[PDB]
Each structure stands twice: as C-alpha cells, then as structure tokens.
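Trainee: Sending over a structure as structure tokens; questions will come in a sec.
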Amino acid sequence: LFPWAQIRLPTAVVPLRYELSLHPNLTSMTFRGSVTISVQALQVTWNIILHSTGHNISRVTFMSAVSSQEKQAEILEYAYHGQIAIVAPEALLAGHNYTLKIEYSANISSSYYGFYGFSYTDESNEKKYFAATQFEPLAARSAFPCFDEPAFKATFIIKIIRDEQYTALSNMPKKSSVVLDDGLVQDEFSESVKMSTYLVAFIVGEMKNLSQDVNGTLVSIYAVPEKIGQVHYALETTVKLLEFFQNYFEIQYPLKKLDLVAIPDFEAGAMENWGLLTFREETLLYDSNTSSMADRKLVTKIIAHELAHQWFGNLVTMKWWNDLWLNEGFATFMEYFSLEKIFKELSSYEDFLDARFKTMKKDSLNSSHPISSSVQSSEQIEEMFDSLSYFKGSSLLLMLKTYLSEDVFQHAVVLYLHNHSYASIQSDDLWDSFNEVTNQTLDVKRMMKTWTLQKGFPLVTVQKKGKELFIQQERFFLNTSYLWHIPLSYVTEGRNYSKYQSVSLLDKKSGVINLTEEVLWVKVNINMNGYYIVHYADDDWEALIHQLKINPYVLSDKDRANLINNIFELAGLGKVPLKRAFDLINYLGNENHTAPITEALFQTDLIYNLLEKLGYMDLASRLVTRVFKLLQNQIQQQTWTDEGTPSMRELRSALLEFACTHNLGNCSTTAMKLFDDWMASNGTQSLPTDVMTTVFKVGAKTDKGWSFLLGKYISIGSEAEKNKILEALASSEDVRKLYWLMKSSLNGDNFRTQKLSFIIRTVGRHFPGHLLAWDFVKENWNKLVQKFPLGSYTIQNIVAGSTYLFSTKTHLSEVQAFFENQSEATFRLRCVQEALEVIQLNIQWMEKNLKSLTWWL
Ligand SMILES: *[C@@H]1O[C@H](CO)[C@@H](O[C@@H]2O[C@H](CO)[C@@H](O[C@@H]3O[C@H](CO)[C@@H](O)[C@H](O[C@H]4O[C@H](CO)[C@@H](O)[C@H](O)[C@@H]4O)[C@@H]3O)[C@H](O)[C@H]2NC(C)=O)[C@H](O)[C@H]1NC(C)=O
Ligand SMILES: *[C@@H]1O[C@H](CO)[C@@H](O[C@@H]2O[C@H](CO)[C@@H](O[C@@H]3O[C@H](CO)[C@@H](O)[C@H](O[C@H]4O[C@H](CO)[C@@H](O)[C@H](O)[C@@H]4O)[C@@H]3O)[C@H](O)[C@H]2NC(C)=O)[C@H](O)[C@H]1NC(C)=O
Ligand SMILES: *[C@@H]1O[C@H](CO)[C@@H](O[C@@H]2O[C@H](CO)[C@@H](O[C@@H]3O[C@H](CO)[C@@H](O)[C@H](O)[C@@H]3O)[C@H](O)[C@H]2NC(C)=O)[C@H](O)[C@H]1NC(C)=O
Ligand SMILES: *[C@@H]1O[C@H](CO)[C@@H](O[C@@H]2O[C@H](CO)[C@@H](O[C@@H]3O[C@H](CO)[C@@H](O)[C@H](O)[C@@H]3O)[C@H](O)[C@H]2NC(C)=O)[C@H](O)[C@H]1NC(C)=O
Ligand SMILES: *[C@@H]1O[C@H](CO)[C@@H](O[C@@H]2O[C@H](CO)[C@@H](O[C@@H]3O[C@H](CO)[C@@H](O)[C@H](O)[C@@H]3O)[C@H](O)[C@H]2NC(C)=O)[C@H](O)[C@H]1NC(C)=O
Ligand SMILES: COc1ccc(-c2cc(OCC(=O)N(C)Cc3cccnc3C)nc(-n3nc(C)cc3C)n2)cc1
Ligand SMILES: *[C@@H]1O[C@H](CO)[C@@H](O[C@@H]2O[C@H](CO)[C@@H](O)[C@H](O)[C@H]2NC(C)=O)[C@H](O)[C@H]1NC(C)=O
Ligand SMILES: *[C@@H]1O[C@H](CO)[C@@H](O)[C@H](O)[C@H]1NC(C)=O
Ligand SMILES: *[C@@H]1O[C@H](CO)[C@@H](O)[C@H](O)[C@H]1NC(C)=O
Ligand SMILES: *[C@@H]1O[C@H](CO)[C@@H](O)[C@H](O)[C@H]1NC(C)=O
Ligand SMILES: *[C@@H]1O[C@H](CO)[C@@H](O)[C@H](O)[C@H]1NC(C)=O
Ligand SMILES: *[C@@H]1O[C@H](CO)[C@@H](O)[C@H](O)[C@H]1NC(C)=O
Ligand SMILES: *[C@@H]1O[C@H](CO)[C@@H](O)[C@H](O)[C@H]1NC(C)=O
Ligand SMILES: *[C@@H]1O[C@H](CO)[C@@H](O)[C@H](O)[C@H]1NC(C)=O
Ligand SMILES: [Zn+2]
C-alpha cells in the first residue's frame, strides 16, 4: 500500500532542519529517543516517504505549522528497500513547511554497523564499555529515522543522555551540559551545518584528550586513557595537513572543532563523520622509536585521506553512490599528493606506484566493471566500495593533473567546491568545472567520460621510425573497446644530451607524433602518470634496454619501474618473449633506487612461487640465484640497522627478506643470532624495526623459536610487532602447526577470527601449506560463511589467496567445481570468477613461456 515502490526516495518532500533526542543505556544495550526534523515540501504530496530500519515507533504526530497543535499520523513501513510512510491528514503544499518529530525504542547494534556497542578490557580486569556509530552505506535509516540518501542534506542538532564518567562527543561542539534527575547528564551540541545523513556521528565513551588549537581551529585527538600519549605524531601531522589542505582548497574549515577519535577495537572503520573523525585503535598510535617507517606512513596517510574528506565528500556531497569514486579517488590522490608537498621525505610515490601497478593487473580482467555504473539496490551500493575504484579514480585525476597544468588543477578544484559547496553534485559537475577553468573551453572533460563509463585500461603500442614515432591504442585483452582519449607523454634523447620532454593526446585508433630530431631512445607515460601500458616494437624496446645498461638514470626511478612492470606482464600474455624482460633487468646490478627493485622482486618471486607449486623446484632455485647475483653487491652493502632514508630503509626490508627467504648468503646466519639474542631477553632487547620480520621468520622454523614466539603474541600489546610475529609463525614448515593456527583463528580461541585472512593468505604463498590453505577454505567454508558475509573483503581476500598460485587445468576444474556445487549465488560472485580467470591466465603463462625458460639454463 506504501506509495513509493522505487528504491530512490521521492524527489518531492525535502528536509531542512534536524534535531535528535536519544537515551543510550549501553548496559541494557537498548536506547529510546526522539526525532526532530524540518520539511519544506516542493511538490504537492499527500504521503511522505522516509528511511527507517528497526525501531519501536510509539506515537506519530504531524505539525501543520499554523498552530502549536500536533496531529496523529498513521505510519506504514516497507523495509525491503527500508522505508517508512506517513499518511498525513493535511495534504502538503510547496513552501508549506511542517515539523517532523517521532519517538523510537530500539536495540543497539551487535555488529559494527550503525549505533553499536562493544566491551573492552581495562589495564585492570575492569570491563569498560564504549559506543559509537558508523552508517555510511545507508545505515542511518536505523537509529534516527530519516532521509538516508546523501542528496537530502540538512542541519543537525543532537541531544542524548550520558553518565558523568562517560565523555560523550559528536560532530558539533558542545553547548548545554545540564545535570538532570537520576544523577544522569544530558549534554547537548550546536546545530550542525547542512550535511548528509551519513556524516552524522554519536559517540559515548571514557576518553581523555590531547589538544593543540591553532588559528581559531581547535584540534583534539580523543582516545582511551590507556594511551593519550602515543597520539602525538597524529597531532603533529593532523595540524600540518589542515594548513596545507586549507591553502590548496582556499576554503577554511567551516566548524570550529576537529575531533579525531580512537575507537578501542579492531572491527572498526575509518570514517569522516564531520568533526569526529572515527579511526581504529592502533590506526594512529606511533612512537618515534620502536615503530617502523611503514607504520609511520599509514598514520601520516590514513589521516590525510580521512582529513581531506571534510572538504571533498562532506561539503560537496555526491547525489547518489554512482560517484563514490569521486570522493575516494580524490582524497586518495590527496594522500599521496599531500605527502609529496609536505612530508616529502616519506617517499610516498613508491607506495602510490605499487598500488597503481597492482591496480592495473586487477583492472585488466573481464570481472572488472566500469568506474561509473548504475546503482539500484543495496548489494550494488556495497559492491561500489571496492578498493579498486578508490585508486583507479586516484590515477585518472593524477593523469589529468599531469596533462593540464597543476595550478590549472587547483583553480579547477576551488571553483568546483565554492560553486557547488554545501550541496549535492554529480560526477559531470566536476568535469564542467575543468572546462571553465581551462584557458580554452576546448579540452572538454568528455575525455574522462571515455574511462569512467568503460571497463579496462588502454594498451598503447609505440613503433618509431626516424623523426616519426607512431601510436596505436588497443584494448588490454586476454587471449566494447570504445576508444580512449589518451594523454600521451614522452621523452627523447636522440642527439647526445638532447633533452626533450613533451605531451600529446590520442583520440584515434592510430596516430603519429613528429620528432624535431632523430631520437635514439624514447619512453611513454613519463613517471607513469597515466593509466596505460606501453608496448614497443622489438627494436624500440631493445633501444631502451641498452640505456639501462649504460646510464639507466636518464629516466626517472618511477619510469624504470613502469617499464619493468610493463614488460613482465606483457611476456605473461606471450606479447613479448620473456627472455627480453630479464635482459632488461640485467642492468639491476647498477640501480640505487628502491621502487625499480621492489617491483622486479615482485615479478621475479611470483614466477618462483608459481613455478614451485607446479614442481620445477630446481629451476626456480636457479632463477632466484641469478636475481641474487645481479643485486648481490647491493645486498652485501646493506647494514642491519634502522638508519637511512625511509625510501632507503624500505629497500633494506625487501632485499634482506629476499636473501633470507631463499637462504641466499649469510642472511640466515646474521639473522638467527639476533633472534637468539632477542629470545634470550624474554623479548627485552632492541631488534631493529626494519629487519624485525625477517628475523622472526628465520627463527620460527626452530620449534624453540616458534614456542617462544607464540607466547609473546598472547602477552604484549604492540599489535604492530604482534602482527609482525604472526606472519613469521605461519612461515614455518611443520604443516601440523599451520593447521592449528588457521583452526585456532577460525574459532578465535588463542587468536582472533579477524586475523584468519592473514594466515590462509600467508600459509598459501609458502609451498608447505599451499594445498593446505585451499582445503581449510573448502572444508570449513560454512563457518567462513557464517562468521563473515558472503561478499566480504575477508571472503574475497581468502578465496584469491587460497587459489591465486594455481596453474594446472586439473586444479581449475576442482576450484570451479567446488563453488558450483555449493550454490549458484556463490558461483556468480566477483571473488570467484576473478580467481578462475587468474588460474586460466596462470596456465597460459606456462603455455606461452615455460619451455623457453627451461632452456634458459
Ligand atoms: C582537554 O579539554 C579541556 C577543556 O577545558 C582543556 O582544558 C583547558 O584548560 C586550560 C586551563 O588553563 C584553559 O585555559 C584557559 O585560559 C583562558 C585565558 O588564557 C581562560 O579564558 C579560560 O577560561 C577561564 O576564563 C573564562 C572567561 O570567560 C571563565 O569563564 C572560565 O571559568 C575560566 O576561568 C581557561 O582558563 C583552556 O581554555 C582549556 N581548554 C583548552 C582547549 O586548552 C584541556 O587542556 C584539554 N586537554 C589537553 C591535554 O590539553
Ligand atoms: C605530425 O603529427 C601530426 C599529428 O598531430 C600529423 O598531422 C596530421 O597529419 C595527418 C596526415 O594524414 C592529417 O590527417 C588528415 O586530417 C584531415 C583533417 O580534415 C583528414 O581529412 C584526412 O583524412 C584521410 O586522409 C588520407 C587519404 O587522403 C587517409 O590516408 C587518412 O588515413 C585519413 O583517413 C587525414 O586524416 C591530420 O589532419 C594532421 N593534423 C595536424 C594537426 O597537422 C602529421 O602526420 C605529422 N606531420 C607531418 C608533417 O606529416
Ligand atoms: C543504564 O541503566 C542502568 C540500570 O539498569 C544504570 O545502572 C546504574 O549505573 C550507575 C552508574 O552508571 C550506578 O550508580 C553507581 O553506584 C555505585 C555503587 O553504589 C557508586 O559508587 C557510583 O558512584 C554510581 O553512583 C547504579 O548503581 C546503576 N544502577 C543500579 C540499579 O545499580 C546505568 O546508569 C544506565 N546507563 C545510562 C547511560 O543511563
Ligand atoms: C557552477 O555550477 C553550475 C550549476 O550549478 C554549472 O552549470 C553547468 O555549466 C555547464 C557549463 O558548460 C553546462 O554545460 C552545458 O550543459 C548543457 C545541458 O546538458 C549541454 O547541452 C552543453 O553542451 C553543456 O554541457 C551545464 O548544463 C550547467 N548545468 C548543469 C546542471 O550541469 C557551472 O558550470 C558551475 N561553474 C561555474 C564556474 O559557474
Ligand atoms: C645513484 O647513482 C647515480 C649514478 O650516476 C647517481 O647519479 C649522480 O647523481 C649525483 C647527484 O645528483 C650527480 O652529481 C652532480 O650531478 C650534476 C648533474 O645533475 C652535475 O652538474 C654535478 O657536477 C654532479 O656531478 C652525478 O652527476 C650523477 N652521476 C652522473 C654520472 O652524472 C645518483 O645520485 C645515485 N643516487 C643515490 C641516492 O646515491
Ligand atoms: C587506506 O586508508 C583508508 C582509506 C579509505 C578508508 C575509508 C573507509 C570507509 O568506510 C567504508 C566502510 O568501511 N563502509 C560503508 C562499511 C561497510 C561496507 C560494505 C559492507 N558493509 C559495511 C558495514 N569509507 C571511506 N569513505 N570516505 C568517503 C568520503 C567515502 C568513503 C567510501 N573511506 C579508510 C582508510
Ligand atoms: C530487540 O531484540 C529482540 C531479539 O529477538 C527482538 O525480538 C524479541 O526477541 C525476544 C528474544 O528472542 C523474544 O522473546 C520476543 O518475543 C521478541 N519480541 C519483542 C516484542 O521484542 C526485539 O524485537 C528487539 N527490539 C525491538 C524494539 O525491536
Ligand atoms: C513498543 O511500543 C509498543 C506499541 O504497541 C508497546 O506496546 C511496547 O510496550 C513497546 N516496547 C517494546 C519492547 O516493543
Ligand atoms: C518556511 O516556509 C515559508 C513559507 O511558508 C518559506 O517562505 C520559508 O522559506 C520556509 N523557511 C523555513 C526556515 O522553514
Ligand atoms: C594562520 O593563518 C594565516 C593566514 O592564512 C597564516 O599566515 C598563518 O601561517 C596561519 N598559521 C597557522 C599556524 O595555521
Ligand atoms: C624514545 O622516545 C622518547 C619520547 O619521545 C624520547 O624521549 C627518547 O629519547 C627516545 N629514546 C631514545 C633511546 O632516543
Ligand atoms: C564479462 O563480464 C560481463 C559483466 O561485466 C559479463 O556480462 C560477461 O559475460 C563477461 N564475459 C566473460 C568472457 O567473462
Ligand atoms: C659469511 O661468513 C663468511 C665466514 O667465512 C664470510 O667469509 C663472508 O664474507 C660472510 N658473508 C658476506 C656477505 O660476506
Ligand atoms: C617473561 O615475560 C613474560 C611476559 O611478560 C612473563 O610472564 C615472565 O614472568 C617473564 N619471565 C622472566 C624470567 O622475565
Ligand atoms: Zn574515504
């Protein structure tokens, strides 16, 4: 009978104001409260439709706004999409605003989705408690009934009951703090700005504060009393960023408050609820001693993403979930751009390039769907939060900032903000801004529409003849394609020391570029600022390889890695014989930059770990030796210390793990001593942070070391170190222990159920548990489906890791057979069809190139 039989809410009635009353017992885990909301209808509507999940609706009152009288209004719920309907006695007229107030009883969330409750152990055996809210993917339908759609934005005030010890907090700063009857306080806050449903936030817990307000801007990193001291790099960073993100955007923070919390749990999420920026406990903690540079990078990065959202995604709020990549892809770029401008020493470009590399090798699958995709149901909403969209969008924007000038980019942003600020937009509205900001209204951002509306990335083939280098765009294909406007870039040094670095654009299946001179070596997608792979003719490649042998530094550290990832993935599809890829990396004896080495070790090892599971253990042992032999001089020069560039230290972490995990050199010897020394201390000695994981793994093989380690995981609280140990515990070769850890984590007896994906991933990569990991998933799937969603990131990471190294048709038949028998819904999942595709492609890698490497001896 419910009038709106469409998922998207009615475009008629509209909210203007929001006030909220709530009573959180927490101990009961039950809560009752009142809604207060303002509506100014714009089309005549007898019925009003709003969102509402699971409450006790007691009384229903309508306000005509002509008098102080309220009026009973029969209520109807649909819930399938999740809606409620008010049959107002007085029909509605445009500009005839009315008052929305309702009262509900409800149960606090057992899950970590909505208004939820979680109990935590004190330093003492005190079971203290905490509550909060996370409703980003349309969850605030529950708790306060409302217009969950991010279009219907509004101002928000919220008043809730508390206890005196509990320091309650919310989006807006505090105003009224009365003391009611029963010895219970009712803290209140100011009216929020116009904002969407999901950015709201209520939190009630026992937390201290570290503050350092600046320029009329108050910063506070609330946390549980057990820390309130490890939250200093956050403050030092979160202050410095809010200046930078203020200067670029040329808009100040609207609120006066900025509160960065620390939800004391691990099943949390990092959101950007305005004013109170939720975070997981351990997401922000760091010591200038002890913690690794990678640990420092995550805090200096996860801040920046969540921080910049307060502007982009909070002021400007997407109308629908079509452009969640608009928010995520933007701030993720700001992460690795904010870091480059201020924290340049972190060398965060090495982290950006790797993710873009890993991104492309997942986007080049048929399972990939276009970045912009129609959304009409809840599974389509939640499927849109995949990590690939966040990063592909991060690449496209970088490509645009690479093409159009960087200040042109900045001028484009501010107009995009100010014009459509405090409001809903669409993805096109960002593009329109770029055309206006461009000096010519030419270069319409339709160029972007090429990519946003179609899956996959372009493949660019470059064949050069004299002073004419040609181009031929083509789809990356596995042995549609509706064009790609491609911001091509290139560099040439054809005359001796002649330096040419330019830009172009291809809108056609073919194109050619003129060369001012005859050039000898030429590259494309300079520093890989664009989303494409560049093939060369056989001669054109062979030119570039020689330059790596002579002066490999004429290119950039970014550029070299783009070649090395590009050439290896090509040979894996038979588009180039594999031998030339190793012929390329035969320069690696004279490289001093981390990113060229990191990616090569990834592609080298992938063959090693791939060849091993098939059984050519001899060949892979020979393969790793040659890689060692090239970079051997680099390995011997490394110091087992925590000293150097954060970039430079990253190279130490990788290279050593190579030498030790393949038992190459004295890496084994120099490590085991350390583990023996560290174990002697009851864990009370300095282990260098950068080499800690390698050393833990080198010892765990010994039953003494594994026994020593497992007890330390159950004691200490440095979860970063703790997880670093847990890696090493699963790098043993006693298969018996590996079944225990997995089986333990699944029931979460001495571990926790969350960490299970770390093991099934970890056990699979190393040969001993390769066949063991898949069997745990197969034989324990129903608990993996009872203890997780069927489409969870857990499930996808597990299914990929248990299968991504297979490379026999027999294994592929077993995989597809198992899922198919389980359920048809299980078979059409993204996580499986991707993995089946990987096994097929893995088979082709052998078919295209296995025999030639067997002769490579
Ligand atoms: C956690 O948050 C608390 C919140 O208060 C914060 O407390 C701080 O305490 C200092 C104590 O010195 C406050 O210092 C202020 O000094 C100015 C003048 O320099 C005063 O105006 C302030 O209030 C006084 O004056 C008011 C005049 O209208 C009176 O109405 C009032 O009763 C006071 O007499 C106050 O003395 C400081 O303002 C607060 N707040 C902050 C953000 O510093 C505490 O510091 C925070 N935790 C940490 C670790 O910083
Ligand atoms: C330097 O590189 C530039 C690229 O910026 C390139 O200039 C281009 O040369 C081609 C020559 O083929 C031009 O292409 C023509 O464009 C006109 C535009 O109206 C078309 O009508 C033509 O159509 C057909 O012509 C041929 C048959 O007569 C076909 O073989 C051809 O495939 C077409 O189907 C044709 O496309 C292009 O306009 C220019 N663009 C500019 C900006 O100059 C040039 O090749 C390089 N420099 C030199 C000196 O060659
Ligand atoms: C949720 O409802 C429960 C009742 O079901 C409330 O429990 C009450 O909690 C308060 C403190 O939160 C207790 O008061 C304390 O008593 C001790 C011992 O006398 C005293 O030392 C403390 O200073 C404090 O006064 C109270 O005893 C307890 N109720 C009962 C019957 O024992 C709870 O407060 C409610 N929570 C919220 C957020 O409203
Ligand atoms: C500020 O915001 C306004 C809207 O609030 C922007 O207006 C939009 O401006 C573009 C400029 O080209 C218009 O594009 C044109 O749209 C028509 C209809 O689709 C199309 O036929 C044309 O070819 C062209 O694409 C656009 O329609 C217009 N409105 C909307 C709803 O998109 C304005 O550009 C923003 N910026 C500034 C600096 O004002
Ligand atoms: C890794 O090894 C390469 C090997 O070439 C190093 O390149 C060298 O870099 C230094 C520092 O920039 C250059 O020193 C100066 O270069 C400028 C030209 O940019 C020149 O005008 C100066 O007279 C001086 O030579 C050096 O030239 C350059 N090598 C060559 C052969 O030109 C690179 O710096 C090393 N990186 C690290 C981190 O060690
Ligand atoms: C690398 O470091 C980062 C990067 C990103 C984040 C991040 C996390 C986040 O939470 C989304 C979220 O967890 N669910 C909607 C919950 C959910 C999803 C699916 C199924 N069931 C449930 C309960 N949301 C965001 N943001 N922010 C904006 C403006 C838009 C988005 C998507 N970013 C954290 C840390
Ligand atoms: C709170 O959760 C309970 C849990 O099911 C919801 O349902 C009640 O559940 C209990 C325990 O199983 C049953 O004994 C009752 O018969 C259920 N009914 C009622 C009326 O609560 C309950 O619906 C939830 N609270 C609200 C307000 O929906
Ligand atoms: C909820 O409201 C109903 C309305 O009929 C009332 O009878 C009931 O006592 C309330 N409580 C619960 C727990 O549903
Ligand atoms: C309320 O409605 C009137 C007309 O009745 C309209 O002019 C006004 O803009 C609305 N504003 C508020 C704040 O409710
Ligand atoms: C405060 O703002 C002014 C103007 O933007 C600027 O000169 C100054 O550096 C800012 N200082 C801090 C600490 O934010
Ligand atoms: C460890 O950090 C503390 C706190 O900042 C600092 O005072 C101390 O000097 C550091 N330890 C060493 C050995 O430098
Ligand atoms: C590729 O994926 C699309 C959905 O995006 C699907 O319709 C099609 O059947 C798939 N094709 C292959 C060959 O996997
Ligand atoms: C390993 O130990 C032997 C001890 O004789 C030594 O000769 C060798 O130099 C050591 N390792 C390296 C990397 O040099
Ligand atoms: C070693 O450390 C553990 C964990 O703190 C503790 O239980 C044990 O008593 C310690 N033993 C010695 C000899 O220090
Ligand atoms: Zn985000």
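All residue numbers given for chain A refer to Swiss-Prot; the residues shown span 160-638, 648-1025 in order.
So how was this one determined? The header says X-ray crystallography, 3.5 Å.
Backbone N, Cα and C define each Cβ position, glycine as well.
Below are the features listed in Swiss-Prot for this protein:
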CARBOHYD  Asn184  N-linked glycosylation site
CARBOHYD  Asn256  N-linked glycosylation site
CARBOHYD  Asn266  N-linked glycosylation site
BINDING   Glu295, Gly428, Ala429, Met430, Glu431, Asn432  substrate binding site
CARBOHYD  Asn368  N-linked glycosylation site
CARBOHYD  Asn374  N-linked glycosylation site
CARBOHYD  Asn448  N-linked glycosylation site
ACT_SITE  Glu465  active site, proton acceptor
SITE      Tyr549  site 'Transition state stabilizer'
CARBOHYD  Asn578  N-linked glycosylation site
CARBOHYD  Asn598  N-linked glycosylation site
CARBOHYD  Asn760  N-linked glycosylation site
CARBOHYD  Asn834  N-linked glycosylation site
CARBOHYD  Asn850  N-linked glycosylation site
CARBOHYD  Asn989  N-linked glycosylation site
Trainee: Can you give me the residues near the recorded substrate site, meaning same chain, not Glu295, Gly428, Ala429, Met430, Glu431, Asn432 themselves, Cβ no more than 8 Å from the center of the site's Cβ atoms?
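Mentor: Near the substrate site, the remaining chain residues are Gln293, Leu436, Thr437, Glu465.
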Trainee: Give the subset of the recorded positions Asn368, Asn374, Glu431, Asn578, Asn760, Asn834 lying near ligand 9, defined as CB under 6 A from any of its atoms.
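Mentor: Not one meets the Cβ criterion.
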Trainee: Cβ-Cβ under 8 Å from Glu295 (substrate binding site), same chain, 6 or more residues apart: which ones?
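Mentor: The answer is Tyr357, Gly428, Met430.
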Trainee: Quick test of your reading of the structure: among the recorded positions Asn368, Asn374, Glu431, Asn448, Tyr549, whose CB sits under 6 A from ligand 1?
Mentor: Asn368
Trainee: Round to the nearest Å and give the CA-to-CA distance linking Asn760 (N-linked glycosylation site) with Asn834 (N-linked glycosylation site).
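Mentor: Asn834 (N-linked glycosylation site) has its Cα 22 Å from the Cα of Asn760 (N-linked glycosylation site).
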Trainee: Using Cα-Cα distances with a 10 Å cut-off, which of the recorded positions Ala429, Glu431, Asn448, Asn834, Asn850 are near the residue listed as 'active site, proton acceptor'?
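Mentor: Of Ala429, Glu431, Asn448, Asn834, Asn850, within range: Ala429, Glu431.
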Trainee: Relative to the Cα of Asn256 (N-linked glycosylation site), which of the glycosylation sites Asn368, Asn374, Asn578 has the closest Cα?
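Mentor: Minimum Cα distance from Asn256 (N-linked glycosylation site) across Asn368, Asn374, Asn578 lands on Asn578.
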Trainee: Just checking the glycosylation sites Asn266, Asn368, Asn834, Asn850: which sit within 10 A of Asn989 (N-linked glycosylation site), CA to CA?
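Mentor: Cα within 10 Å of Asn989 (N-linked glycosylation site): none.
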Trainee: Considering Cα atoms only, can you say which of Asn184, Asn266, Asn368, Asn374, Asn598 is the nearest neighbour of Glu431 (substrate binding site) among these glycosylation sites?
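Mentor: When the Cα distances are compared, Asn368 comes out closest.
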Trainee: To the nearest whole angstrom, state the Cα distance for the pair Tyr549 (site 'Transition state stabilizer') and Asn374 (N-linked glycosylation site).
Mentor: 32
Trainee: Are there any residues at least 6 positions away along the chain from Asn374 (N-linked glycosylation site) with a Cβ closer than 8 Å to its Cβ? List them or say none.
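Mentor: Set apart from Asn374 (N-linked glycosylation site) by at least 6 residues yet with Cβ under 8 Å, there are none.
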Trainee: What three-state class does DSSP give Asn432 (substrate binding site)?
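Mentor: Where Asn432 (substrate binding site) sits, the three-state DSSP reduction gives coil.
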